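Coordinates as given in entry_2.pdb (PDB, C-alpha atoms):
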```pdb
ATOM      1  CA  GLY A 540     -14.695  17.395  17.881  1.00  0.00           C
ATOM      2  CA  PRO A 541     -16.077  15.391  20.825  1.00  0.00           C
ATOM      3  CA  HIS A 542     -19.608  16.786  20.571  1.00  0.00           C
ATOM      4  CA  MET A 543     -21.968  16.201  17.646  1.00  0.00           C
ATOM      5  CA  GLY A 544     -24.746  18.120  15.920  1.00  0.00           C
ATOM      6  CA  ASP A 545     -23.549  20.038  12.870  1.00  0.00           C
ATOM      7  CA  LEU A 546     -22.104  16.892  11.295  1.00  0.00           C
ATOM      8  CA  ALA A 547     -25.712  15.848  10.704  1.00  0.00           C
ATOM      9  CA  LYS A 548     -26.049  18.609   8.111  1.00  0.00           C
ATOM     10  CA  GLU A 549     -22.795  17.624   6.406  1.00  0.00           C
ATOM     11  CA  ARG A 550     -23.380  13.873   6.172  1.00  0.00           C
ATOM     12  CA  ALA A 551     -26.886  14.695   4.950  1.00  0.00           C
ATOM     13  CA  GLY A 552     -25.797  16.557   1.831  1.00  0.00           C
ATOM     14  CA  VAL A 553     -22.495  14.727   1.421  1.00  0.00           C
ATOM     15  CA  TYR A 554     -24.133  11.296   1.375  1.00  0.00           C
ATOM     16  CA  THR A 555     -26.659  12.629  -1.137  1.00  0.00           C
ATOM     17  CA  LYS A 556     -23.852  13.414  -3.579  1.00  0.00           C
ATOM     18  CA  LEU A 557     -22.023  10.196  -2.708  1.00  0.00           C
ATOM     19  CA  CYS A 558     -24.781   8.355  -4.571  1.00  0.00           C
ATOM     20  CA  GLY A 559     -23.421  10.002  -7.703  1.00  0.00           C
ATOM     21  CA  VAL A 560     -19.743   9.396  -6.982  1.00  0.00           C
ATOM     22  CA  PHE A 561     -19.800   5.900  -5.487  1.00  0.00           C
ATOM     23  CA  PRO A 562     -22.147   2.993  -4.657  1.00  0.00           C
ATOM     24  CA  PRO A 563     -23.905   2.442  -1.303  1.00  0.00           C
ATOM     25  CA  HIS A 564     -21.954  -0.676  -0.334  1.00  0.00           C
ATOM     26  CA  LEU A 565     -18.877   1.555  -0.506  1.00  0.00           C
ATOM     27  CA  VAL A 566     -20.077   4.761   1.155  1.00  0.00           C
ATOM     28  CA  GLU A 567     -21.825   2.807   3.910  1.00  0.00           C
ATOM     29  CA  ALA A 568     -18.428   1.240   4.596  1.00  0.00           C
ATOM     30  CA  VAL A 569     -16.083   4.199   4.135  1.00  0.00           C
ATOM     31  CA  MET A 570     -18.458   6.144   6.381  1.00  0.00           C
ATOM     32  CA  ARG A 571     -17.136   3.980   9.216  1.00  0.00           C
ATOM     33  CA  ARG A 572     -13.545   4.919   8.383  1.00  0.00           C
ATOM     34  CA  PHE A 573     -14.040   8.676   8.712  1.00  0.00           C
ATOM     35  CA  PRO A 574     -16.780   9.025  11.360  1.00  0.00           C
ATOM     36  CA  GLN A 575     -15.523  12.559  11.984  1.00  0.00           C
ATOM     37  CA  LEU A 576     -15.047  13.573   8.348  1.00  0.00           C
ATOM     38  CA  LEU A 577     -17.842  13.206   5.794  1.00  0.00           C
ATOM     39  CA  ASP A 578     -16.987  14.655   2.383  1.00  0.00           C
ATOM     40  CA  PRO A 579     -17.877  13.772  -1.233  1.00  0.00           C
ATOM     41  CA  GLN A 580     -14.319  13.971  -2.563  1.00  0.00           C
ATOM     42  CA  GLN A 581     -12.551  12.896   0.629  1.00  0.00           C
ATOM     43  CA  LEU A 582     -14.534   9.655   0.806  1.00  0.00           C
ATOM     44  CA  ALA A 583     -13.295   9.027  -2.734  1.00  0.00           C
ATOM     45  CA  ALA A 584      -9.679   8.973  -1.556  1.00  0.00           C
ATOM     46  CA  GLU A 585     -10.343   6.209   0.971  1.00  0.00           C
ATOM     47  CA  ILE A 586     -12.361   4.205  -1.554  1.00  0.00           C
ATOM     48  CA  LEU A 587      -9.546   4.509  -4.093  1.00  0.00           C
ATOM     49  CA  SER A 588      -7.269   2.575  -1.737  1.00  0.00           C
ATOM     50  CA  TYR A 589      -9.954   0.250  -0.377  1.00  0.00           C
ATOM     51  CA  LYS A 590     -10.757  -0.850  -3.927  1.00  0.00           C
ATOM     52  CA  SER A 591      -7.155  -1.121  -5.121  1.00  0.00           C
ATOM     53  CA  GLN A 592      -6.504  -3.339  -2.101  1.00  0.00           C
ATOM     54  CA  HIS A 593      -9.249  -5.689  -3.290  1.00  0.00           C
ATOM     55  CA  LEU A 594      -8.381  -5.633  -6.994  1.00  0.00           C
ATOM     56  CA  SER A 595      -7.755  -8.761  -9.066  1.00  0.00           C
ATOM     57  CA  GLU A 596      -4.564  -9.441 -11.023  1.00  0.00           C
TER      58      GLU A 596
END
```
Before anything else, please render the file you have as structure tokens.
Amino acid sequence: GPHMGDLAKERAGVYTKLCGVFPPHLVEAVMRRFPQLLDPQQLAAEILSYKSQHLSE
């Protein structure tokens, strides 16, 4: 997927729901991880690891 155009519609709705699944500081970050894949549940998977990696003892 070299070109871009339809992704705008996905990220639009996806991000909207992200506000109800995770905070902005997270989404805004994870969004950089999957610049080609923007999903409500998918983004959750990445965050699950990102958080666990920065979890106290």
Task: Residue IDs satisfying the PyMOL selection byres ((chain A and resi 559-576) around 9), as a ChimeraX atom specification - done: /A:540,546,549-550,554-558,577-583,585-586,589
Task: Atom pair atom CA of residue 588 of chain A / atom CA of residue 553 of chain A: separation (Å) - done: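 One can read the atom CA of residue 588 of chain A to atom CA of residue 553 of chain A distance as 19.7 Å.
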Once you add 3 Å to each side, what are the centre and edge lengths of the axis-aligned box holding all listed atoms of segment 574-588 of chain A? One decimal in Å, as JSON, if you can.
```
{"center_x": -12.6, "center_y": 8.6, "center_z": 3.9, "size_x": 16.6, "size_y": 18.1, "size_z": 22.1}
```
